[PDB]
Structures are given as structure tokens and as C-alpha cells.
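Structure, as C-alpha cells:
Counting neighbours? That spans all protein chains shown, and the Cβs are built from the backbone with ideal geometry, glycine included. Every number in this text was worked out from the coordinates using simple rules, so none of it is lab data.
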Amino acid sequence: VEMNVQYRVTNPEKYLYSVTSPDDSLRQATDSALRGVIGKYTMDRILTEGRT
Amino acid sequence: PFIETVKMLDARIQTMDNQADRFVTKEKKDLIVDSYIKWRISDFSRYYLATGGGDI
């Protein structure tokens, strides 16, 4: 399974003076979220209803 | 005098489409769709700085 994300910055100072290296945090938490969703559902259901 | 820049915020273009996008029925059947969108700028004040830049 593969997906894609689109992101946008609102408050710059939290983007600077917080957890560093943004794309690292974004990607490297998205993977965990994707596992969390993909886990519970059966193989056939993932095959059929992957988009809703 | 010094510099003349007024980029005209055109009120004429209303043509936007989606080339090819996918969707799904209730019956677990695939059905590709295509459509076009037409839209007119309505109130200019909020519109500008509602985008920051007039780039379409």
C-alpha cells in the first residue's frame, strides 16, 4: 500500500523553533499512522475498498 | 512616478477542469469521471489576501 500527503505551514515560528528537520518528522510519523490504519483490516477488504 | 505596477486582477477567466479522476459506486464498481468547473470572482476585497498572490 502507498499514499501521498500535501502539507502547508501556517505559523512559521513553530515551524522553526520546535522539533527540527520538518520532513523527517512528517514522513517518519506518517509511516506509523499508515501502519495503524492498515493493520486491522483483512486482505480482501484492503483489496476491494482501499479508497473509502 | 517611481514604479508602475498594477496587475489588473482579471475578472474574465472561468475555465477549470479535472483531466481524469477516479471514484466508486456503492456496488463496489469502478467508474472514471470527468467534469469542468466554471467560477466568477465575486467580491474582490477578501479575494485578494485571501490568496496573497493573484497567481491562478
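Data table
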item	result
Residue match in the stretch B:41-53 (condition: over 21 Å from the mean Cα position of the chain (by Cα) and surrounded by fewer than 10 Cβ atoms within 10 Å (Cβ to Cβ))	no
Residue match in the stretch A:28-39 (condition: in a loop (DSSP other than H, G, I, E, B), over 16 Å from the mean Cα position of the chain (by Cα) and surrounded by fewer than 10 Cβ atoms within 10 Å (Cβ to Cβ))	no
Selection within the stretch A:13-52 - within 14 Å of chain B (Cβ to nearest Cβ) and more than 22 Å from B:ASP30 (Cβ to Cβ)	none
Selection from the stretch B:16-42 of residues that are under 26 Å from A:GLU49 (Cα atoms) and assigned to a strand (DSSP E or B)	B:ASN18, B:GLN19, B:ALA20, B:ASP21, B:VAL24, B:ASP30, B:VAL33, B:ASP34, B:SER35
Checklist (1) exposed (fewer than 10 other Cβ atoms within 10 Å of the Cβ); (2) farther than 27 Å from A:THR10 by Cα; (3) within 20 Å of the chain's Cα centre (by Cα); (4) away from chain A (no Cβ under 14 Å) applied to B:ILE56, failing item	(2)
Contacts under 6 angstrom Cβ, first residue in the stretch B:3-27 being more than 14 Å from chain A (Cβ to nearest Cβ), partner among the polar types (S, T, N, Q), 6 or more apart	none
Verdict on A:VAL5 being surrounded by fewer than 10 Cβ atoms within 10 Å (Cβ to Cβ) and either within 14 Å of chain B (Cβ to nearest Cβ) or more than 12 Å from the chain's Cα centre (by Cα) (or both)	no
